[PDB]
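A short worksheet on the structure shown next.
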Ligand SMILES: [Zn+2]
Ligand SMILES: [Zn+2]
Ligand SMILES: [Zn+2]
Ligand SMILES: [Zn+2]
Ligand SMILES: [Zn+2]
Ligand SMILES: [Zn+2]
């Protein structure tokens, strides 16, 4: 429902926003009357400094491993709990398939581009109806 | 349209405006995310 | 009765019967509180008491200790007509014959009203009420 | 709760902080087109005009000195002995 | 107290025990971002309308 | 609602600016016009003091002479004067004093007597239906009598 | 209802208004803002009684900007609607959902569903009028409306009325 | 440079610190957040009802933040929530709750000893709340049996067990020896049976703090104005660590509800309950001693709120 902010100059109002963005001053200004359109400009490079949608999608997950000061009993109970919830999603085949495909590509000394193209192809096929089997070896080859 | 509300306490009249730094607002929102209430009052109830 | 007191709330004995059951004088039908309040609150309409069509008005209710609709109507009309006739030519001099004859006429009027006859004599009794009221005003 | 004039027991001398805020607020008002009570000798800077008004006690202000118990006093800058 | 060292523990104990702050401390007025009662701000400046007619 | 339970600022207990206790002042659409039209006169005297150094035509003309006094930002008060005047049947503060004498004689709430004096009714059922707070707090014959004396106090102006 | 209440307002003045006559300015502002405006807590403010004995109290200086703040206590005549309140009014605008009654400074709306069944909407007339079985509701016609609910928004108050019940409708 | 507002401008004076009640959390929040996914299925906009939906705050300037409208330079943010089907404990209160478990009966919910004891009479005269709770704890932690009749009193009598902290849990030891682990629902029930004089004698204020409120039931969800995500090159989008923690809380909560809906293996229910307790515990404080440390998929520990409020050069 709308939610689209469009910057316009109320003094000029003669054309769609043909503006200039001053990053050093942190403003955006109309290149005609010289009137600023917005102050306090946000950055995208600065938030990126601390840090894959193409393959993993929007799914999120976090690992549980052992801690600095912890017991080995709690590490097993948390991993066994995830082992019971691993059936909630059918994405175990993508990680194992990409693992074995990773082993074969690393065994063939092929570049990473062919690895990403092959993983993308297997992601395009995945589990469709026209495949109807092939025992996971033929779709990988 | 000059309209205000506060969810969960039935107010549409008595709304106060305060100027605080954005970092302090980050502190208050992190306390609310940590189940801590940083209630702010413009009047002195203790006197 | 314990099985009929509101067409929607006919059995509220196991729901803690804490609501009263009002009766409109133009319907003589039992309606519980939460229903009648919405009835006259949304507008003066008729109650669906077994397909009742007489309009239920706002307020003007009454508490009933239950003495049958016949006797309740006969005592309401009895008191109303008793107030319309008032004490005209009653204890004016001390006569017993004409007094008892006039009381017989009044009770016969109340009888014709509680029976209705054919909706013809009762209208003449209404004109008699207007005449008696005109005599009381003067 | 406003101590009366016969019970004001604070220092009658204007401190450097009171003189500072009086010259700052007065100069800020003069910068915002305030009625000047002293004839100018050709000044243009607002702070110099504020100090010119303080030198003749023509500043129309009164200080509300807060006491630690919650009370306060009203010492006008005209009756305060400067320097 | 929370500003100096152990922030989270002091805050948690505060919220747990329903503690109230007077908010005339130095760091408190700093955090909220308004004038503190120190020096110039330790007194309010008023106006006397009876002095304007002088 | 209309169950003698108004808001906080509209409660029966009010406090003036001096600190004393005062009952809620409820006005009907009779003296409410003479109070606005009244205070606007002394306001005109106050505007002409510092300057040194049939029933509808007079209403709108006086509303124009008072509109020149104000800064042209309160015409809803003048349209409210036309509303009240078009819905008012009372006149002169003496008769209004008599009306208050008839309303306070029953011992009712100020809002109730305001709704009594502000509405034109002929029978008691009209006053009991238009005013849900009054249905058993006062006798019907007394209300009919008040409507009779009021009917003798109203005059076509 | 037309009530009288003592209200208090904080007036802000620019440092350029600190002349000896500033009190007058105060009253001036105290009129220009209060008379005619509206509040969601006290209703539509009509007039302001007592113009000579207006208390000024003491003016305080807020930090930045140097503007002056005043707390004024006065007596004023205001108009506040109430829920379930029988009032009278005259129609201004007409709509298929109902005609908009004008009660003083408030424009009450009456929903078509809150009207009796005999009252029907007529658009073929100029202006469109609501014709019933005996009464014809037009713009210049006077109608007694029973207000059912009121909304108290800040500086804006609208109410909803009805005429379905008895002793209501056109006057 | 922000937009003008007609609200009265005042300074900030008194600041009150209190616990968040679950009812107030549900009254402040606007969304439920059920989908652990970040963005929508079409790889654009937002998930609408997920970890970062338009019902919360937004960044990127261009977006309007549905429920405030205006912009990101004006949006304070908006709060979501998470309604759990199993109550969990808060890290910073695990000790305090334990102390409460050593200050009140575990059945009738009444304070140990009574006002007839002289030491309790002396301890109640202290005006400081923390010292009162300390001394009263030192007295009540020794007596391990409620009593019905005390010579110059409530009933019960049931032997009060010994509460020990172990793996974010509280195990109760009965000598009678019968050792049983105290669940969160039982402790919360006993806390629901606490009288006013009891917790107010411990240092709680009814309008601000409650022992029932100390046990976490509903969880507030902070808006992206607190955890700003990034979309770099439109194909390298990074989400904050708290977002991943919320995804873990959602997966563990939905998993626990699914395991508790159909059947009951009794062991997978405890594994999923300890899993949700671990995700909430690491969400509040990841650097908890005696517990495993959650690590991100990049190779770095998960950044929690406590880490933002603890180390130097942080928020303070
Ligand atoms: Zn729409
Ligand atoms: Zn421009
Ligand atoms: Zn019923
Ligand atoms: Zn019926
Ligand atoms: Zn927002
Ligand atoms: Zn016990």
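Each answer follows from the model by the rule given with it, or from the source it names; no laboratory instrument gave them. Note that each Cβ is placed from the backbone with ideal geometry, even for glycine, and that neighbours are counted across all protein chains shown.
Residues are listed down the side, and each one gets a yes or a no for (1) farther than 30 Å from residue H:309 by Cβ; (2) within 16 Å of ligand 2 (Cβ to nearest atom); (3) surrounded by 14 or more Cβ atoms within 10 Å (Cβ to Cβ):
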site: H:89; (1), (2), (3): no, no, yes
site: H:99; (1), (2), (3): no, no, yes
site: H:110; (1), (2), (3): yes, no, yes
site: H:125; (1), (2), (3): yes, no, no
site: H:133; (1), (2), (3): no, no, yes
site: H:143; (1), (2), (3): yes, no, no
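The criterion of at least 1 residues that are out of contact with any helix residue (DSSP H, G or I) (no Cβ under 8 Å at 6 or more places or on another chain), more than 27 Å from residue H:43 (Cβ to Cβ) and in the same structural domain as residue H:59 (by CATH) is met, among helices (runs of 4 or more DSSP H) falling completely within the range H:204-305, by H:241-261, H:268-284. Counting only helices (runs of 4 or more DSSP H) that fall entirely inside chain E and contain at least 2 residues that are within 8 Å of chain H (Cβ to nearest Cβ), the qualifying elements are E:7-16, E:26-32. Among the candidates G:73, G:80, the residue that is in the same structural domain as residue G:2 (by CATH), under 30 Å from residue E:46 (Cα atoms) and in contact with a strand residue (DSSP E or B) (Cβ under 7 Å, 6 or more places away or on another chain) is uniquely G:73. So, in chain B, how many residues would count as being within 28 Å of residue H:314 (Cα to Cα) and part of a loop (DSSP other than H, G, I, E, B)? Of the residues in chain B, 8 are within 28 Å of residue H:314 (Cα to Cα) and part of a loop (DSSP other than H, G, I, E, B).
The test for being within 16 Å of ligand 6 (Cβ to nearest atom), surrounded by 15 or more Cβ atoms within 10 Å (Cβ to Cβ) and in a loop (DSSP other than H, G, I, E, B) does not hold for residue H:172. One residue stands out in the range C:21-37 among those that are away from every other protein chain (no Cβ under 14 Å) and surrounded by fewer than 14 Cβ atoms within 10 Å (Cβ to Cβ): the one that is nearest to ligand 5 (Cβ to nearest atom), namely C:34.
Every residue, every condition in (1) more than 14 Å from every other protein chain (Cβ to nearest Cβ); (2) within 14 Å of ligand 4 (Cβ to nearest atom); (3) in a loop (DSSP other than H, G, I, E, B); (4) crowded, with 16+ Cβ neighbours inside 10 Å, yes or no:
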| site | (1), (2), (3), (4) |
| --- | --- |
| C:39 | no, yes, no, yes |
| C:49 | yes, yes, yes, yes |
| C:59 | no, no, yes, no |
| C:67 | yes, no, yes, no |
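Restricting attention to the range H:1-45, which residues are in a strand (DSSP E or B) and within 30 Å of residue H:86 (Cβ to Cβ)? H:17, H:18, H:19, H:31, H:35, listed by residue number. Where helices (runs of 4 or more DSSP H) fall wholly inside the range A:1-89, the ranges with 3 or more residues that are closer than 28 Å to residue H:249 by Cβ and either more than 16 Å from ligand 6 (Cβ to nearest atom) or more than 7 Å from chain H (Cβ to nearest Cβ) (or both) are A:53-56, A:72-84. The set of residues in the range F:87-116 that are touching a helix residue (DSSP H, G or I) at 6+ places or on another chain (Cβ under 8 Å) and within 16 Å of residue G:144 (Cα to Cα) comprises F:88, F:115, F:116.
If the condition is being in a loop (DSSP other than H, G, I, E, B) and closer than 22 Å to residue H:186 by Cβ, then the range H:116-147 contributes H:141, H:143, H:144, H:146, H:147. Of the residues contained in the range H:1-18, one or more are found to be within 16 Å of ligand 5 (Cβ to nearest atom) and more than 9 Å from every other protein chain (Cβ to nearest Cβ).
Residues in the range B:8-43 that are more than 7 Å from chain H (Cβ to nearest Cβ), closer than 19 Å to residue H:242 by Cβ and loosely packed, with under 14 Cβ neighbours inside 10 Å: B:22 alone. Reported count of residues in the range F:106-125, each being more than 16 Å from residue F:87 (Cβ to Cβ) and surrounded by 13 or more Cβ atoms within 10 Å (Cβ to Cβ), is 10. Checking the stated criteria, residue H:46 turns out not to satisfy the condition of being touching a helix residue (DSSP H, G or I) at 6+ places or on another chain (Cβ under 7 Å) and either more than 10 Å from every other protein chain (Cβ to nearest Cβ) or more than 16 Å from ligand 2 (Cβ to nearest atom) (or both).
Of all residues in the range C:87-101, none satisfies being in a helix (DSSP H, G or I), within 23 Å of the chain's Cα centre (by Cα) and away from ligand 2 (no atom under 16 Å from the Cβ).
Here the condition is being within 14 Å of chain E (Cβ to nearest Cβ) and under 24 Å from residue H:279 (Cα atoms); of H:94, H:82, it holds for H:94 alone. Within the range H:85-115, the set of residues being in contact with a helix residue (DSSP H, G or I) (Cβ under 6 Å, 6 or more places away or on another chain), within 16 Å of ligand 6 (Cβ to nearest atom) and part of a helix (DSSP H, G or I) comprises H:100 only. Of all residues in the range H:60-82, how many are surrounded by fewer than 19 Cβ atoms within 10 Å (Cβ to Cβ) and either under 16 Å from residue B:26 (Cα atoms) or within 16 Å of ligand 3 (Cβ to nearest atom) (or both)? The number of residues fulfilling the criteria is 3. Of everything in the range G:123-171 that is touching a helix residue (DSSP H, G or I) at 6+ places or on another chain (Cβ under 8 Å) and part of a loop (DSSP other than H, G, I, E, B), the residue that is nearest to residue G:95 (Cα to Cα) is G:163.
Okay, residues lined up against (1) more than 7 Å from chain G (Cβ to nearest Cβ); (2) touching a strand residue (DSSP E or B) at 6+ places or on another chain (Cβ under 8 Å); (3) more than 19 Å from residue F:133 (Cβ to Cβ):
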| position | (1), (2), (3) |
| --- | --- |
| F:2 | no, yes, no |
| F:15 | yes, yes, yes |
| F:24 | yes, yes, no |
| F:31 | yes, no, yes |
| F:37 | yes, no, yes |
| F:48 | yes, no, yes |
| F:57 | yes, no, yes |
| F:63 | yes, no, yes |
| F:73 | no, no, yes |
